[PDB]
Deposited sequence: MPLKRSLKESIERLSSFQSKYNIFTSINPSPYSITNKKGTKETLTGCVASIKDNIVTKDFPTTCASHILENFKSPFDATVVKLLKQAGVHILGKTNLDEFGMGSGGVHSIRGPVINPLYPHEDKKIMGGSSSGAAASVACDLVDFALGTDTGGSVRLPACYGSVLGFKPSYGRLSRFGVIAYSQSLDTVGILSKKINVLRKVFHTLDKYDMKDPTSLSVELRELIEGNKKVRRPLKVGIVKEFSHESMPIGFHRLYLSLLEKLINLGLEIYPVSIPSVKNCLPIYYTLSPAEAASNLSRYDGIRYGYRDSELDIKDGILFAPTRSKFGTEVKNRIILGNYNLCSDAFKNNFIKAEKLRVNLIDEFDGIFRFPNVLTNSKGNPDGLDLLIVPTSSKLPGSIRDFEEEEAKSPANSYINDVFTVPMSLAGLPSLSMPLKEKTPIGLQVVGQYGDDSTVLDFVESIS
């Protein structure tokens, strides 16, 4: 079966294009013997870290990311690095120098999208190739592919898991995420990685972690909110039957369900697409071929533009983002769009604080004793389309409407399937820092 597991690996890899590199000896403490895949924007000593980009096509890091190191210390076997949208920019899983990842919920000839940017991560779990996968979530890049693979996809509170060694897209939004079919495995991995890291200046301090722990109370019963602003999109056929079935289950378990309005979530996409490209342009400024990565064979300058020959090897979508990001950062646009987006983001966080019972230790909100413990929100409003249709539709002119708000507010959010092998999901969302409540709830109802 060791030889049979390897044959399955080879077959799914050739059909679905899941990994960018695989352990030379595939399948050979607390997580001893567990098998993981790692998104290829997370650096490793033992594999190249390409970001699915020509820019880092054969990049070899001298060091492991903190999350990689913690998993190895816990005895986890790393099966390989998974394919992704280039530099984590994309929601369909189609932008990669290795080509798109194909969704294994369907025959590979169907060419259905996996979603992105943690496309390979989700596929590797959906295929039963690994016990769990690490991905990254900047605006839904863990939750959305997990939804499309019909597996659990958890994006923890901002700063809980270390970003040291996690190649930057948008640092105020980037979060390491976990994908798995088994909630018990996912909780164990989260517990292993939920650690303060002194190498990461955005890592949640030990003091604040203890403050959070100390704020937990008995909730009798749990109070769950249904968000008005997320309750009126056109949803896939069959979604509401599944959704209402889940809601009825909760109500029969004695939970209290409430309608809730959080008006600021409607403006989250314009905010996101102001701040995120700006940070991306900034974080990709380092790539020039001089110290590492791909380098043009003859020219370090062209058109009076330094490093342009090398930087032309960025993907088209990456370049689109860099250009928009630089626009947003220029003096006039900065004082207008960027500053406004920052204030609206703060507003959004205040609106969440106002409806959650749990105090926000980052804003020092008191918590609302008449508030809620969890929100339940759809993960997506679309079924996975074909790769062809996606690219066609992208060239014309939102799949992150449901996921972006929790990213902007750094909230713990787990996308869970409603039905086996069905690319439809729900997010369970808690207040900042309330990861254990989200996870235990999901464990309780599975």
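A.B. asks: Write out the missing regions of the deposited sequence in sequence order, one range per stretch.
C.D. replies: According to the record, the gaps fall at 1-5, 34-41, 411-415.
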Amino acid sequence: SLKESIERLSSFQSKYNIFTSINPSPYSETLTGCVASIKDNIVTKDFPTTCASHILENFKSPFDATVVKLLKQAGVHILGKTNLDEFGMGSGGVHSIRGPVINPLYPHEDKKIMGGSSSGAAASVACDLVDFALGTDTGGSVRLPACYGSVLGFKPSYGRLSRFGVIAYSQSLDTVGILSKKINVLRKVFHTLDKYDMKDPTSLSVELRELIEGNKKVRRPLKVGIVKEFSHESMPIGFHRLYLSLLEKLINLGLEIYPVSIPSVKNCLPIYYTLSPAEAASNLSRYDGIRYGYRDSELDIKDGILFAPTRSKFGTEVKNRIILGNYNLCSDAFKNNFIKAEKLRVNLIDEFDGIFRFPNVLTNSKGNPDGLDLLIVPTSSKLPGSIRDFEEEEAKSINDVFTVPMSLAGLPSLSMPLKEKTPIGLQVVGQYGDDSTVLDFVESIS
From here on, numbers count along this sequence of modelled residues.
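A.B. asks: As stated in the PDB record, which stretch has the larger average Cα B-factor, 384-392 or 411-419?
C.D. replies: The recorded data point to 384-392.
A.B. asks: As stated in the PDB record, which stretch has the larger average Cα B-factor, 189-197 or 106-114?
C.D. replies: The recorded data point to 106-114.
A.B. asks: Which one of 215, 205, 310, 180 shows the biggest C-alpha B-factor in the PDB entry?
C.D. replies: So the option with the highest C-alpha B-factor is 310.
A.B. asks: By the entry's C-alpha temperature factors, tell me which of 336, 138, 150, 360 sits highest.
C.D. replies: Each of 336, 138, 150, 360 was compared by C-alpha B-factor; the highest is 336.
A.B. asks: How does residue 172 rank on Cα B-factor within its chain, lowest, middle or highest third?
C.D. replies: Tercile = lowest for this residue's CA B-factor.
A.B. asks: Sorting by Cα B-factor within the chain, modelled residues only, which third would residue 26 end up in: lowest, middle or highest?
C.D. replies: It belongs to the highest third of the chain when residues are ordered by C-alpha B-factor.
A.B. asks: Hey, what third does residue 403 fall into on Cα B-factor, ranked over its chain?
C.D. replies: Bottom third by C-alpha B-factor.
A.B. asks: Relative to the other modelled residues of the same chain, rank the CA B-factor of residue 327 and answer lowest, middle or highest third.
C.D. replies: It falls in the top third of the chain.
A.B. asks: Thinking about Cα B factors across the chain, which third does residue 227 belong to?
C.D. replies: Its C-alpha B-factor, which the entry lists for residue 227, ranks in the lowest third among residues of this chain.
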